[PDB]
Structure formats: C-alpha cells, structure tokens
file my_file-v1.cif (mmCIF, C-alpha atoms and all ligand atoms)
data_input
loop_
_atom_site.label_atom_id
_atom_site.label_comp_id
_atom_site.auth_asym_id
_atom_site.auth_seq_id
_atom_site.Cartn_x
_atom_site.Cartn_y
_atom_site.Cartn_z
CA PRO A 1165 89.32 124.59 81.81
CA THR A 1166 91.77 125.03 78.95
CA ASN A 1167 90.24 125.46 75.50
CA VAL A 1168 91.91 123.77 72.53
CA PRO A 1169 92.78 126.42 69.91
CA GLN A 1170 91.69 126.24 66.30
CA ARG A 1171 93.92 125.03 63.45
CA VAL A 1172 96.10 128.13 63.29
CA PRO A 1173 99.16 127.61 61.04
CA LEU A 1174 102.13 126.42 63.08
CA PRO A 1175 105.78 125.56 62.45
CA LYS A 1176 106.85 121.95 62.09
CA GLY A 1177 106.95 120.12 65.41
CA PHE A 1178 104.86 122.74 67.26
CA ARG A 1179 102.70 120.39 69.30
CA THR A 1180 99.61 122.01 70.81
CA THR A 1181 97.84 118.85 72.10
CA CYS A 1182 100.20 116.49 73.90
CA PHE A 1183 99.77 112.73 73.76
CA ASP A 1184 98.25 110.73 76.60
CA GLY A 1185 100.75 110.48 79.44
CA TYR A 1186 102.80 113.57 78.53
CA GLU A 1187 102.47 117.28 79.31
CA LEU A 1188 102.89 120.46 77.29
CA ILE A 1189 106.10 122.48 77.70
CA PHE A 1190 107.52 125.52 75.93
CA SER A 1191 111.12 125.12 74.75
CA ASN A 1192 113.26 125.33 71.62
CA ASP A 1193 115.21 122.14 72.36
CA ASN A 1194 114.58 118.81 70.64
CA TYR A 1195 112.10 116.58 72.50
CA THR A 1196 111.18 113.11 71.25
CA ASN A 1197 109.11 110.65 73.30
CA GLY A 1198 109.18 113.13 76.18
CA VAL A 1199 112.97 113.09 76.63
CA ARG A 1200 115.35 115.61 75.11
CA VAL A 1201 117.85 114.37 72.54
CA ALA A 1202 119.33 117.70 71.38
CA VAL A 1203 119.68 121.19 72.84
CA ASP A 1204 118.38 124.28 71.02
CA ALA A 1205 117.21 122.56 67.84
CA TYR A 1206 114.70 125.29 66.92
CA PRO A 1207 115.25 128.96 66.04
CA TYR A 1208 112.46 129.95 68.45
CA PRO A 1209 110.74 128.34 71.45
CA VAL A 1210 108.13 125.76 70.50
CA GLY A 1211 105.32 123.98 72.30
CA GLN A 1212 106.41 120.36 72.76
CA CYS A 1213 105.65 117.28 74.85
CA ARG A 1214 107.50 115.86 77.86
CA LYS A 1215 106.89 112.66 79.81
CA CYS A 1216 105.17 112.90 83.17
CA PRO A 1217 107.82 112.67 85.90
CA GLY A 1218 106.56 109.38 87.29
CA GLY A 1219 104.12 109.28 90.16
CA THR A 1220 101.82 111.56 88.14
CA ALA A 1221 99.24 110.86 85.45
CA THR A 1222 97.18 112.78 82.92
CA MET A 1223 94.60 112.26 80.18
CA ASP A 1224 94.27 115.81 78.84
CA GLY A 1225 98.03 116.19 78.50
CA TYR A 1226 98.08 119.82 79.66
CA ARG A 1227 99.24 119.06 83.23
CA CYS A 1228 100.93 116.14 85.00
CA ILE A 1229 98.36 115.69 87.77
CA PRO A 1230 100.01 114.20 90.88
CA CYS A 1231 98.62 110.78 91.69
CA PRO A 1232 95.91 110.85 94.38
CA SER A 1233 96.87 109.57 97.81
CA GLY A 1234 96.69 105.78 97.86
CA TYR A 1235 97.83 105.37 94.23
CA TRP A 1236 101.08 105.26 92.28
CA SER A 1237 102.27 105.43 88.69
CA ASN A 1238 105.38 105.14 86.55
CA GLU A 1239 106.69 107.63 83.99
CA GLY A 1240 104.23 108.62 81.28
CA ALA A 1241 101.16 106.96 82.81
CA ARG A 1242 97.68 107.84 81.58
CA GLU A 1243 96.13 106.78 84.90
CA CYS A 1244 97.38 105.93 88.38
CA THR A 1245 97.26 102.36 89.68
CA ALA A 1246 95.97 101.68 93.18
CA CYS A 1247 98.14 100.08 95.83
CA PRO A 1248 96.90 96.55 96.62
CA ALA A 1249 95.09 95.60 99.79
CA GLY A 1250 97.26 95.53 102.89
CA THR A 1251 99.58 98.25 101.57
CA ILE A 1252 99.78 102.04 101.75
CA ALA A 1253 101.08 104.34 99.02
CA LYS A 1254 103.90 106.18 100.78
CA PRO A 1255 105.03 109.11 98.60
CA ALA A 1256 108.78 109.55 98.28
CA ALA A 1257 110.02 112.92 99.47
CA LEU A 1258 111.51 115.10 96.73
CA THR A 1259 114.31 117.67 96.82
CA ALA A 1260 113.69 121.09 95.31
CA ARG A 1261 115.96 122.44 92.59
CA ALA A 1262 119.23 123.78 93.95
CA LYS A 1263 119.55 126.08 90.93
CA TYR A 1264 117.25 127.32 88.19
CA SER A 1265 119.81 126.04 85.65
CA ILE A 1266 118.87 122.45 86.62
CA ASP A 1267 116.16 120.60 84.72
CA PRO A 1268 113.11 120.43 87.01
CA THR A 1269 111.28 117.28 88.03
CA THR A 1270 107.79 118.62 88.77
CA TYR A 1271 106.08 121.84 89.83
CA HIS A 1272 107.43 123.79 92.78
CA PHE A 1273 104.39 123.15 94.98
CA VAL A 1274 104.67 119.36 94.58
CA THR A 1275 106.96 117.96 97.29
CA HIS A 1276 105.95 114.28 97.49
CA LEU A 1277 105.42 111.65 94.80
CA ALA A 1278 104.65 107.93 94.63
CA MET A 1279 107.46 107.25 92.20
CA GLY A 1280 107.20 103.50 91.73
CA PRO A 1281 105.44 100.23 92.54
CA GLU A 1282 107.74 99.71 95.52
CA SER A 1283 106.09 102.73 97.16
CA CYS A 1284 103.25 100.35 98.12
CA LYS A 1285 104.52 99.54 101.61
CA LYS A 1286 102.93 96.86 103.78
CA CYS A 1287 101.08 97.79 106.95
CA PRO A 1288 103.07 96.80 110.07
CA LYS A 1289 102.04 94.02 112.41
CA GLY A 1290 99.08 95.14 114.49
CA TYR A 1291 97.59 97.22 111.67
CA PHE A 1292 95.50 96.24 108.66
CA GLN A 1293 94.55 97.87 105.36
CA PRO A 1294 91.21 96.28 104.42
CA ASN A 1295 90.47 97.72 100.96
CA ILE A 1296 92.12 98.60 97.66
CA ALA A 1297 93.58 102.10 97.24
CA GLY A 1298 93.98 102.39 100.99
CA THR A 1299 95.40 105.54 102.53
CA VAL A 1300 95.98 104.79 106.24
CA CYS A 1301 97.18 101.75 108.19
CA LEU A 1302 94.09 101.17 110.31
CA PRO A 1303 94.90 100.08 113.88
CA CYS A 1304 93.43 96.67 114.56
CA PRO A 1305 90.45 96.60 116.96
CA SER A 1306 91.11 95.64 120.56
CA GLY A 1307 90.98 91.87 120.99
CA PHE A 1308 92.14 91.03 117.46
CA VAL A 1309 95.64 90.38 116.09
CA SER A 1310 97.10 90.86 112.61
CA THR A 1311 100.18 89.87 110.64
CA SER A 1312 102.30 91.95 108.27
CA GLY A 1313 100.27 93.56 105.50
CA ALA A 1314 97.04 91.83 106.54
CA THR A 1315 93.64 92.60 105.04
CA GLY A 1316 91.88 92.31 108.38
CA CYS A 1317 92.80 90.82 111.73
CA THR A 1318 91.48 87.79 113.61
CA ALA A 1319 90.42 87.77 117.25
CA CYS A 1320 92.38 86.06 120.00
CA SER A 1321 91.19 82.65 121.12
CA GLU A 1322 88.90 81.99 124.08
CA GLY A 1323 91.58 81.36 126.68
CA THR A 1324 93.81 84.23 125.57
CA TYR A 1325 93.51 88.01 125.62
CA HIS A 1326 95.06 90.73 123.48
CA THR A 1327 98.14 92.44 124.95
CA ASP A 1328 101.87 92.88 124.39
CA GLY A 1329 104.05 89.82 123.91
CA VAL A 1330 107.51 90.97 124.97
CA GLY A 1331 108.11 87.99 127.24
CA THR A 1332 106.41 85.30 125.17
CA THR A 1333 108.18 82.87 122.86
CA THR A 1334 106.80 84.39 119.62
CA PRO A 1335 106.27 88.16 119.98
CA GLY A 1336 103.85 89.34 117.32
CA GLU A 1337 104.88 92.97 117.74
CA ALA A 1338 106.15 94.71 114.62
CA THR A 1339 109.85 95.52 114.50
CA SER A 1340 111.28 99.03 114.42
CA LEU A 1341 112.42 98.49 110.82
CA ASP A 1342 108.87 98.33 109.43
CA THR A 1343 107.42 101.01 111.74
CA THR A 1344 109.87 103.90 112.18
CA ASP A 1345 112.01 103.30 109.07
CA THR A 1346 109.50 102.26 106.41
CA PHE A 1347 107.20 104.99 107.75
CA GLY A 1348 107.84 108.00 109.93
CA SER A 1349 106.43 108.36 113.43
CA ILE A 1350 102.87 108.08 112.10
CA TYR A 1351 102.55 104.37 112.95
CA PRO A 1352 104.15 103.31 116.26
CA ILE A 1353 104.45 99.76 117.58
CA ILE A 1354 101.09 98.32 118.65
CA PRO A 1355 100.66 95.26 120.91
CA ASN A 1356 99.25 92.40 118.82
CA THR A 1357 99.87 89.30 120.95
CA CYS A 1358 97.48 86.85 122.61
CA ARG A 1359 98.53 85.90 126.15
CA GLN A 1360 96.87 83.06 128.04
CA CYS A 1361 94.98 83.87 131.21
CA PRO A 1362 96.88 82.95 134.40
CA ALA A 1363 96.11 80.00 136.66
CA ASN A 1364 92.73 79.76 138.43
CA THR A 1365 91.32 82.35 136.00
CA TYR A 1366 89.18 81.82 132.91
CA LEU A 1367 88.08 83.89 129.92
CA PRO A 1368 84.94 82.75 128.06
CA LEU A 1369 84.76 85.71 125.65
CA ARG A 1370 86.30 85.54 122.19
CA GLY A 1371 87.69 89.03 121.63
CA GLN A 1372 89.23 90.44 124.81
CA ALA A 1373 92.07 92.90 125.34
CA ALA A 1374 93.89 94.00 128.48
CA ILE A 1375 92.48 97.40 129.43
CA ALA A 1376 95.36 99.86 129.76
CA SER A 1377 95.23 103.18 131.61
CA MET A 1378 97.58 105.87 130.36
CA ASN A 1379 97.90 107.28 133.91
CA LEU A 1380 99.82 104.45 135.54
CA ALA A 1381 100.41 106.44 138.74
CA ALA A 1382 96.75 106.46 139.80
CA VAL A 1383 95.11 103.54 137.96
CA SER A 1384 97.10 100.49 136.88
CA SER A 1385 96.33 98.51 133.75
CA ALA A 1386 94.17 95.44 134.33
CA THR A 1387 93.43 92.26 132.39
CA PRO A 1388 89.91 90.93 131.70
CA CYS A 1389 90.75 87.44 133.02
CA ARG A 1390 87.72 86.59 135.13
CA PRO A 1391 88.41 84.81 138.43
CA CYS A 1392 87.02 81.32 138.82
CA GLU A 1393 83.98 80.89 141.06
CA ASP A 1394 84.83 79.61 144.52
CA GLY A 1395 84.83 75.83 144.61
CA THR A 1396 86.04 75.62 141.00
CA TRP A 1397 89.59 75.62 139.66
CA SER A 1398 91.13 76.12 136.24
CA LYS A 1399 94.57 75.53 134.77
CA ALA A 1400 96.42 78.42 133.14
CA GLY A 1401 94.71 78.53 129.77
CA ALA A 1402 91.22 78.14 128.36
CA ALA A 1403 87.89 79.01 129.99
CA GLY A 1404 85.51 76.74 131.87
CA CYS A 1405 86.85 76.22 135.38
CA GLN A 1406 86.42 72.63 136.52
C1 LIG B 1 114.98 115.98 66.72
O1 LIG B 1 115.38 114.68 67.08
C2 LIG B 1 114.77 113.65 66.31
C3 LIG B 1 115.16 112.33 66.92
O2 LIG B 1 116.56 112.17 66.84
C4 LIG B 1 115.17 113.80 64.84
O3 LIG B 1 114.48 112.88 64.03
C5 LIG B 1 115.43 112.15 63.23
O4 LIG B 1 115.59 112.76 61.97
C6 LIG B 1 116.58 112.13 61.17
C7 LIG B 1 116.85 112.99 59.96
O5 LIG B 1 115.68 113.06 59.17
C8 LIG B 1 116.10 110.71 60.83
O6 LIG B 1 117.08 110.00 60.10
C9 LIG B 1 115.85 109.95 62.13
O7 LIG B 1 115.28 108.69 61.89
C10 LIG B 1 114.90 110.72 63.03
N1 LIG B 1 114.77 110.05 64.30
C11 LIG B 1 113.59 109.69 64.84
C12 LIG B 1 113.69 108.99 66.17
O8 LIG B 1 112.51 109.90 64.32
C13 LIG B 1 114.83 115.20 64.36
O9 LIG B 1 115.30 115.44 63.06
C14 LIG B 1 115.46 116.24 65.29
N2 LIG B 1 115.19 117.59 64.85
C15 LIG B 1 113.99 118.19 64.76
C16 LIG B 1 114.04 119.61 64.26
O10 LIG B 1 112.92 117.66 65.04
#
call {"tool": "encode", "arguments": {"input": "my_file-v1.cif", "output": "structure tokens"}}
result
Amino acid sequence: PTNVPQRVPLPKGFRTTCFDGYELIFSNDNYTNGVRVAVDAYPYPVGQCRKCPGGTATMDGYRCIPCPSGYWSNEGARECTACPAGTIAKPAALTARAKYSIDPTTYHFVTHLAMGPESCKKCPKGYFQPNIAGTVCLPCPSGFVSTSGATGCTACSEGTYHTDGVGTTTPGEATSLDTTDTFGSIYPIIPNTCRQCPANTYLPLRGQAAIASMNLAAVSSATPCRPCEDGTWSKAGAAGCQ
C-alpha cells in the first residue's frame, strides 16, 4: 500500500494526508472543505483534498473507494451505509466526461455509483430481500407469496395454490413500473397470487404452486388440486371433501 512520507518541509496548504472522507488531488487551485472556491490560487500545483463524489467512501483518504454492492453513501462519507432489508442498492449509471476540460466526477473505470439513500429500491411483488446489505431480489419460493419490499414471503393457504392472478379481484402481481422501470430487465414479473382450487377438488397441503411447463406445445401446465375421492364432494375452496 501507499507509505506516508516523512515530515519533509512543504509549502503552506500542501496537504499530504487527506481528512477522513476526502481524497488526495494535485492542483494549484484553492480547495476548502473539498470544494473549490478559487481558481489558480497557488504559484505551483499542490497536493490538496477533495470530497468523495458521493456513493464512495474512504478511511485512508488516498482513494475514494466505490461503495461495495448493496451499500450506498453520500458525499464525503467515511464508510458506506447498507441498504435496509427488503431493498436493493441500485447504482445510478454515470456519464463519462465529454471533454477533458470538464471537472471529473470519479475515475474513468467507475461507471456506476449508489449516489444517495433513494438508491435503495424496494424488491417488487413476488420477490423478497431477507437480510441487510442485500444485493439481489431473491425470487420467492414456489407456493409462497410476497408483498412489495418484503423480508420474506408467506405460503398460500390450504385451499389455495400459488399461480398468476390476472383474472382475480386483487392481482398480487407487481406492476411494470416497479419491475422494468425501477430496475432493468433483471427482475421480470413473477406470479404471486393464491387461487382457490376449483369445485370438487381439494388441496390439503400448505405450500403448493401450479406446475408450469415452458414447452406448452407438448406438455401443458397443470395445477396440484387433487381430485376428491369418489363418493365425496367438495365446494370450490378449502380441502377436506365432504
Ligand atoms: C483559499 O480560500 C480560503 C477560503 O476562502 C481562504 O481562506 C480565507 O482567508 C481569508 C484571508 O485571510 C480569511 O479572512 C477567511 O476567513 C478565510 N476563509 C476560510 C473559510 O477559512 C484562503 O485565503 C484562500 N487562499 C489560500 C492560498 O489558501
């Protein structure tokens, strides 16, 4: 790593060890509290301190380390802060400098940054982020259903099974706004509805989902609703044919 130099004589304002939250730069302009207030205030270039660009943190002060995935930070942060449970740290895409005469934001190899607290974006319906500093919206296990930004999903009831709810009164499916606009195409819409078993069929298991075959031409998707034993009948709903 970098080695701090000895107490060599230096001109006034020649910082060699930046404060916590800033980084070392090499310029002759005036820099106070990490933001320039005057241009070319020194006869020669001088080592000075500049605030971290936000979304990055440092303790050494020799480099604005980008925040690790799942975290975020503001400008001049000494340590990143983790996104809460049920949220994912989505880094905001940056635009590279159009010209070299423009003041840069961060290093050229850094293209994404978690600029602010609002970068913590909730997992869509059907997903769940179960721990702090999460990195991926985990798809909910088959048979269970989740709400927006849930820290775990609950299973469907006895008489119902997990499937899509397009036709039902209250579709639990996440909207396109919080799937393909908040995120990219990484998290599509997942069925997270509980539909009751049809008439004369019963389902005595707690967590059940409608098995779906991706090759609809050969094998059609089927539901786990067990038929009632001959001689017994059941209304459209819970288990236990009478
Ligand atoms: C760089 O800018 C700082 C901040 O404006 C200057 O510090 C000021 O100096 C004047 C003159 O002594 C004081 O009256 C102000 O109170 C200072 N401001 C602050 C915020 O401390 C500084 O003089 C400028 N030039 C250099 C060479 O550092």
call {"tool": "residues_around", "arguments": {"input": "my_file-v1.cif", "residues": "residue 1179 (chain A)", "least_positions_apart": "3", "cutoff": "12 Å", "atoms": "all atoms listed in the file", "output": "CSV table (one decimal) with C-alpha atoms, keeping the file's coordinate frame"}}
result
chain,number,residue,atom,x,y,z
A,1168,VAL,CA,91.9,123.8,72.5
A,1169,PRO,CA,92.8,126.4,69.9
A,1171,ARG,CA,93.9,125.0,63.4
A,1172,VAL,CA,96.1,128.1,63.3
A,1173,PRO,CA,99.2,127.6,61.0
A,1174,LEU,CA,102.1,126.4,63.1
A,1175,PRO,CA,105.8,125.6,62.4
A,1176,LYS,CA,106.8,122.0,62.1
A,1182,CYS,CA,100.2,116.5,73.9
A,1183,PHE,CA,99.8,112.7,73.8
A,1186,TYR,CA,102.8,113.6,78.5
A,1187,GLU,CA,102.5,117.3,79.3
A,1188,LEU,CA,102.9,120.5,77.3
A,1189,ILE,CA,106.1,122.5,77.7
A,1190,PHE,CA,107.5,125.5,75.9
A,1191,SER,CA,111.1,125.1,74.8
A,1192,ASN,CA,113.3,125.3,71.6
A,1195,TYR,CA,112.1,116.6,72.5
A,1196,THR,CA,111.2,113.1,71.2
A,1198,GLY,CA,109.2,113.1,76.2
A,1209,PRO,CA,110.7,128.3,71.4
A,1210,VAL,CA,108.1,125.8,70.5
A,1211,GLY,CA,105.3,124.0,72.3
A,1212,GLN,CA,106.4,120.4,72.8
A,1213,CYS,CA,105.6,117.3,74.8
A,1214,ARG,CA,107.5,115.9,77.9
A,1225,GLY,CA,98.0,116.2,78.5
A,1226,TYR,CA,98.1,119.8,79.7
call {"tool": "atom_distance", "arguments": {"input": "my_file-v1.cif", "atom1": "CA of residue 1308 (chain A)", "atom2": "CA of residue 1282 (chain A)"}}
result
28.3 Å
call {"tool": "residues_near_point", "arguments": {"input": "my_file-v1.cif", "point": "(90.4, 95.3, 100.7)", "cutoff": "9 Å", "atoms": "all atoms listed in the file", "output": "VMD selection string"}}
result
chain A and resid 1248 to 1250 1293 to 1298 1315 to 1316
call {"tool": "closest_residue", "arguments": {"input": "my_file-v1.cif", "among": "A:1286, A:1370, A:1359, A:1200", "to": "ligand LIG 1 (chain B)", "atoms": "only C-alpha atoms and all ligand atoms"}}
result
A:1200
call {"tool": "closest_atom_pairs", "arguments": {"input": "my_file-v1.cif", "of": "chain A", "to": "ligand LIG 1 (chain B)", "cutoff": "7 Å", "atoms": "all atoms listed in the file", "output": "tab-separated table"}}
result
residue	atom	partner	partner_atom	distance
A:1177	CA	B:LIG1	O10	6.5
A:1194	CA	B:LIG1	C1	4.9
A:1195	CA	B:LIG1	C1	6.5
A:1196	CA	B:LIG1	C3	5.9
A:1201	CA	B:LIG1	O1	6.0
A:1202	CA	B:LIG1	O1	6.6
A:1205	CA	B:LIG1	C16	5.6
A:1206	CA	B:LIG1	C16	6.3
call {"tool": "residues_around", "arguments": {"input": "my_file-v1.cif", "residues": "residue 1406 (chain A)", "least_positions_apart": "5", "cutoff": "6 Å", "atoms": "all atoms listed in the file", "output": "list in words"}}
result
residues 1396, 1397 and 1398 of chain A
call {"tool": "closest_residue", "arguments": {"input": "my_file-v1.cif", "among": "A:1404, A:1288, A:1280, A:1232", "to": "residue 1352 (chain A)", "atoms": "all atoms listed in the file"}}
result
A:1288
call {"tool": "residues_near_point", "arguments": {"input": "my_file-v1.cif", "point": "(103.4, 104.6, 82.5)", "cutoff": "10 Å", "atoms": "all atoms listed in the file", "output": "JSON, numbers by chain"}}
result
{"A": [1184, 1185, 1186, 1215, 1216, 1217, 1218, 1219, 1220, 1221, 1237, 1238, 1239, 1240, 1241, 1242, 1243, 1244, 1245]}
call {"tool": "atom_distance", "arguments": {"input": "my_file-v1.cif", "atom1": "CA of residue 1320 (chain A)", "atom2": "CA of residue 1351 (chain A)"}}
result
22.1 Å
call {"tool": "atom_distance", "arguments": {"input": "my_file-v1.cif", "atom1": "CA of residue 1376 (chain A)", "atom2": "CA of residue 1346 (chain A)"}}
result
27.4 Å
call {"tool": "residues_around", "arguments": {"input": "my_file-v1.cif", "residues": "residue 1333 (chain A)", "least_positions_apart": "5", "cutoff": "12 Å", "atoms": "all atoms listed in the file", "output": "PyMOL selection string"}}
result
chain A and resi 1328+1357-1359
call {"tool": "write_last_selection", "arguments": {"input": "my_file-v1.cif", "atoms": "C-alpha atoms", "output": "short mmCIF file (atom, residue, chain, number, x, y, z; two decimals), in the coordinates of the input"}}
result
data_model
loop_
_atom_site.label_atom_id
_atom_site.label_comp_id
_atom_site.auth_asym_id
_atom_site.auth_seq_id
_atom_site.Cartn_x
_atom_site.Cartn_y
_atom_site.Cartn_z
CA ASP A 1328 101.87 92.88 124.39
CA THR A 1357 99.87 89.30 120.95
CA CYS A 1358 97.48 86.85 122.61
CA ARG A 1359 98.53 85.90 126.15
#
call {"tool": "closest_residue", "arguments": {"input": "my_file-v1.cif", "among": "A:1395, A:1306, A:1227, A:1314", "to": "residue 1374 (chain A)", "atoms": "all atoms listed in the file"}}
result
A:1306
call {"tool": "closest_residue", "arguments": {"input": "my_file-v1.cif", "among": "A:1311, A:1377, A:1300, A:1388", "to": "residue 1324 (chain A)", "atoms": "all atoms listed in the file"}}
result
A:1388
call {"tool": "residues_around", "arguments": {"input": "my_file-v1.cif", "residues": "residue 1317 (chain A)", "least_positions_apart": "3", "cutoff": "9 Å", "atoms": "all atoms listed in the file", "output": "ChimeraX atom specification"}}
result
/A:1290-1292,1304-1305,1308-1311,1314
call {"tool": "residues_around", "arguments": {"input": "my_file-v1.cif", "residues": "residue 1337 (chain A)", "least_positions_apart": "2", "cutoff": "6 Å", "atoms": "all atoms listed in the file", "output": "VMD selection string"}}
result
chain A and resid 1335 1355 to 1356
call {"tool": "closest_residue", "arguments": {"input": "my_file-v1.cif", "among": "A:1252, A:1403, A:1260, A:1353", "to": "residue 1340 (chain A)", "atoms": "all atoms listed in the file"}}
result
A:1353
call {"tool": "closest_residue", "arguments": {"input": "my_file-v1.cif", "among": "A:1344, A:1270, A:1167, A:1259", "to": "residue 1224 (chain A)", "atoms": "all atoms listed in the file"}}
result
A:1167
call {"tool": "decode", "arguments": {"input": "my_file-v1.cif", "residues": "region 1367-1381 of chain A", "atoms": "N, CA, C and O atoms", "output": "PDB file, in the first residue's frame"}}
result
ATOM      1  N   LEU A1367     -57.243 -29.415  -1.729  1.00  0.00           N
ATOM      2  CA  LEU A1367     -55.796 -29.270  -1.592  1.00  0.00           C
ATOM      3  C   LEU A1367     -55.456 -29.224  -0.109  1.00  0.00           C
ATOM      4  O   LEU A1367     -55.657 -28.190   0.548  1.00  0.00           O
ATOM      5  N   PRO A1368     -54.949 -30.317   0.457  1.00  0.00           N
ATOM      6  CA  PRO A1368     -54.627 -30.345   1.887  1.00  0.00           C
ATOM      7  C   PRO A1368     -53.209 -29.927   2.238  1.00  0.00           C
ATOM      8  O   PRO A1368     -52.869 -29.918   3.426  1.00  0.00           O
ATOM      9  N   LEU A1369     -52.379 -29.590   1.259  1.00  0.00           N
ATOM     10  CA  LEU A1369     -51.025 -29.135   1.531  1.00  0.00           C
ATOM     11  C   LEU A1369     -50.992 -27.620   1.675  1.00  0.00           C
ATOM     12  O   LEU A1369     -51.805 -26.902   1.086  1.00  0.00           O
ATOM     13  N   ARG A1370     -50.037 -27.136   2.469  1.00  0.00           N
ATOM     14  CA  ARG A1370     -49.961 -25.707   2.751  1.00  0.00           C
ATOM     15  C   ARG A1370     -49.356 -24.942   1.578  1.00  0.00           C
ATOM     16  O   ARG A1370     -50.009 -24.084   0.979  1.00  0.00           O
ATOM     17  N   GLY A1371     -48.109 -25.248   1.234  1.00  0.00           N
ATOM     18  CA  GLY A1371     -47.436 -24.543   0.161  1.00  0.00           C
ATOM     19  C   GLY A1371     -47.451 -25.292  -1.153  1.00  0.00           C
ATOM     20  O   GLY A1371     -46.657 -26.215  -1.358  1.00  0.00           O
ATOM     21  N   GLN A1372     -48.345 -24.904  -2.056  1.00  0.00           N
ATOM     22  CA  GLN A1372     -48.483 -25.554  -3.350  1.00  0.00           C
ATOM     23  C   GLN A1372     -48.516 -24.507  -4.451  1.00  0.00           C
ATOM     24  O   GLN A1372     -49.115 -23.440  -4.289  1.00  0.00           O
ATOM     25  N   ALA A1373     -47.872 -24.820  -5.571  1.00  0.00           N
ATOM     26  CA  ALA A1373     -47.837 -23.940  -6.727  1.00  0.00           C
ATOM     27  C   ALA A1373     -48.195 -24.731  -7.975  1.00  0.00           C
ATOM     28  O   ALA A1373     -47.919 -25.929  -8.070  1.00  0.00           O
ATOM     29  N   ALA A1374     -48.815 -24.048  -8.931  1.00  0.00           N
ATOM     30  CA  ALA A1374     -49.205 -24.690 -10.178  1.00  0.00           C
ATOM     31  C   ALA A1374     -47.969 -24.969 -11.019  1.00  0.00           C
ATOM     32  O   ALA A1374     -47.284 -24.037 -11.452  1.00  0.00           O
ATOM     33  N   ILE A1375     -47.681 -26.249 -11.247  1.00  0.00           N
ATOM     34  CA  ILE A1375     -46.513 -26.625 -12.031  1.00  0.00           C
ATOM     35  C   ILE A1375     -46.699 -26.154 -13.465  1.00  0.00           C
ATOM     36  O   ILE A1375     -47.725 -26.428 -14.099  1.00  0.00           O
ATOM     37  N   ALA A1376     -45.704 -25.441 -13.984  1.00  0.00           N
ATOM     38  CA  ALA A1376     -45.773 -24.845 -15.309  1.00  0.00           C
ATOM     39  C   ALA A1376     -44.656 -25.402 -16.175  1.00  0.00           C
ATOM     40  O   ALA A1376     -43.487 -25.375 -15.781  1.00  0.00           O
ATOM     41  N   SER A1377     -45.019 -25.900 -17.351  1.00  0.00           N
ATOM     42  CA  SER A1377     -44.060 -26.396 -18.326  1.00  0.00           C
ATOM     43  C   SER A1377     -43.789 -25.310 -19.356  1.00  0.00           C
ATOM     44  O   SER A1377     -44.727 -24.721 -19.901  1.00  0.00           O
ATOM     45  N   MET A1378     -42.509 -25.046 -19.616  1.00  0.00           N
ATOM     46  CA  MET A1378     -42.151 -24.000 -20.566  1.00  0.00           C
ATOM     47  C   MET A1378     -42.448 -24.397 -22.005  1.00  0.00           C
ATOM     48  O   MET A1378     -42.522 -23.521 -22.871  1.00  0.00           O
ATOM     49  N   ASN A1379     -42.620 -25.689 -22.279  1.00  0.00           N
ATOM     50  CA  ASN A1379     -42.950 -26.168 -23.619  1.00  0.00           C
ATOM     51  C   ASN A1379     -44.443 -26.477 -23.652  1.00  0.00           C
ATOM     52  O   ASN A1379     -44.880 -27.612 -23.472  1.00  0.00           O
ATOM     53  N   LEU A1380     -45.236 -25.430 -23.894  1.00  0.00           N
ATOM     54  CA  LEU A1380     -46.688 -25.572 -23.858  1.00  0.00           C
ATOM     55  C   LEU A1380     -47.203 -26.474 -24.971  1.00  0.00           C
ATOM     56  O   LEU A1380     -48.276 -27.070 -24.831  1.00  0.00           O
ATOM     57  N   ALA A1381     -46.465 -26.582 -26.077  1.00  0.00           N
ATOM     58  CA  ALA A1381     -46.947 -27.359 -27.213  1.00  0.00           C
ATOM     59  C   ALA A1381     -47.098 -28.833 -26.859  1.00  0.00           C
ATOM     60  O   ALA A1381     -48.096 -29.466 -27.221  1.00  0.00           O
TER      61      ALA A1381
END
